[PDB]
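Structural overview
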Amino acid sequence: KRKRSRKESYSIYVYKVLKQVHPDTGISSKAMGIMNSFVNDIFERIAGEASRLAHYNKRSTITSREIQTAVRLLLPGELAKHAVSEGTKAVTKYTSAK
DNA sequence: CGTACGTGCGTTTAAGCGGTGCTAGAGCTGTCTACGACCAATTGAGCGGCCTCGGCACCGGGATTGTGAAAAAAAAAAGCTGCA
Ligand SMILES: [Ca+2]
Ligand SMILES: [Ca+2]
Ligand SMILES: [Ca+2]
């Protein structure tokens, strides 16, 4: 009768994104396992590339510029273009919401 | 068995050297504050747990697709000449 320990996952957000993308389409347990393995992976790859960018330039802080550079380094062409576009929107919209 | 490449010639080219002169820009300083750590207190987003019900796995049965043989038609190909 102990409550089971927490296990975070991006799965509520994957669903919310899916419901934008294809409102009438769902996803199996194991397909979610993968979408989660993905998000974590690309997270770890970008954070890691952004870490090294900072570290090379003798920088204490990983800013949104070290992410963007790390995104250009990591992503293929049109993914990178679109990935930067959506990132740069997000920060602009954040700042105008104070 | 055909000609694509390696060899080796003579001719041509610009890489490499060693040097000189100009300056963009790498990299350093010192200054100063906007921003991020840390903090505590506050609170609602996301967790586990639970219950439901519709998608999809599983089924049988018939429709449609794809292969291979067999017999048959078309096919190149094979032993025989003449005529020059
Ligand atoms: Ca500043
Ligand atoms: Ca749940
Ligand atoms: Ca349902």
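Residues numbered from 1 in each chain as written, not as in the entry; some residues may be left out. Chains lettered and ligands numbered in written order. Part of a larger assembly, values for the part shown. Heavy atoms only, no water.

For this structure, the PDB header gives the title as "Crystal Structure of Nucleosome-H5 Linker Histone Assembly (sticky-169a DNA fragment)".

1. Side note on the layout of surface pockets
Under the convention used in this document: We place a 1 Å grid over just the protein atoms. Points where a 1.4 Å probe fits but has no way out form a cavity, open points with protein on both sides within 12 Å along at least 5 of 7 lines form a pocket, and any residue with an atom within 4 Å of a point lines it. Grid points are joined across faces, edges and corners, and a volume is the space filled by probe spheres set on the points. The way it works is that DSSP assigns letters per residue, a run of H or I at least four long becomes a helix, a run of E at least two long becomes a strand, and they are numbered from the N terminus. Three residue categories are used. Nonpolar comprises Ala, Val, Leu, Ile, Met, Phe, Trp, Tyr, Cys and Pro, charged comprises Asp, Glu, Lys and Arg, and polar comprises the others, including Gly.
Space inside the largest pocket adds up to approximately 400 Å³. Around the largest pocket, the lining residues are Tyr10, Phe38, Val39, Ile42, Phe43, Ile46, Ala47, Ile67, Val71, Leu75, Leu79 and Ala83. Among the elements of the structure, α2 (29-56), α3 (64-74) and α4 (77-96) are those that each provide at least two residues to the lining of the largest pocket. Looking at the lining of the largest pocket element by element, the count peaks at six residues for α2. Here the residues of the lining of the largest pocket sort into twelve nonpolar, no polar and no charged. Its volume calculated, the second largest pocket comes out at about 210 Å³. If you go around the second largest pocket, the residues you meet are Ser64, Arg65, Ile67, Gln68, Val71, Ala83, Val84, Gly87, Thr88 and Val91.

2. A look at the nonpolar core
To keep things clear, this is the line we draw: As used here, the term nonpolar core means buried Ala, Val, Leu, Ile, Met, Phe, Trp, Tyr and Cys residues forming a set that is joined through side-chain atoms within 4.5 Å. For each residue, the accessible area found with a 1.4 Å probe, counting protein chains only, is set against the maximum for its type, and the residue is called buried under 20%, exposed over 50%, and partly exposed in between.
Grouped together as the largest cluster of nonpolar side chains are six residues: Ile46, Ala50, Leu53, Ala70, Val71 and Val84. Among the elements that line this core, the one with the most residues is α2, at three residues.

3. As for the pattern of salt bridges
What counts, and what does not: Between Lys or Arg on one side and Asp or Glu on the other, a salt bridge is scored when a side-chain nitrogen of the former is within 4 Å of a carboxyl oxygen of the latter.
The full count for this structure, using the stated rule, is six salt bridges. As a salt-bridge pair, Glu66 and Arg59 come within 3.9 Å of each other at their nearest N and O atoms. For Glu66, a relative accessible area of 6% corresponds to the buried category. With relative accessibility at 48%, the residue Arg59 sits in the partly exposed group. The residue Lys81 makes a salt bridge to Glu78 at a minimum N-O spacing of 2.7 Å. Taken together, the positions of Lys81 and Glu78, both in helix α4 and three residues apart, correspond to about one turn of that helix. As far as burial versus exposure is concerned, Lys81 and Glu78 are alike and both exposed.

4. Concerning the side chain of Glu66
Quick reminder of the rule: Under the rule applied, a polar contact is a pair of N or O atoms within 3.5 Å (in protein, one hydrogen donor and one hydrogen acceptor; residues adjacent in sequence only if both atoms are side-chain atoms). Contacts are assigned to residue pairs that have any heavy atoms within 4.5 Å of one another.
By the element assignment, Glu66 lies in helix α3. Here the side chain of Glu66 touches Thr63 through a polar contact of 2.8 Å, landing on its backbone nitrogen. Setting aside its immediate chain neighbours within four residues, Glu66 contacts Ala50, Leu53, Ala54, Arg59 and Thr61.

5. Topic: α4
Applied cut-off: Residue count minus one, scaled by 1.5 Å, sets the expected span of a helix.
Compared with an ideal rise of 1.5 Å per residue, which puts 20 residues at 28 Å, α4 spans 29 Å between its outermost C-alpha atoms and is within 8% of the ideal. Burial of α4 is sparse: only two of the 20 residues sit out of reach of the surface. Of the residues trailing α4, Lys98 is marked for its positive phi of about 40°.

6. What to know about α2
Between the first and last C-alpha of α2 there are 41 Å, a value that for 28 residues agrees with the 40 Å anticipated at 1.5 Å per step. Elements in contact with the buried residues of α2: α1 (11-21) and α3. The first or second residue beyond α2 is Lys58, which carries a positive phi of 50°.

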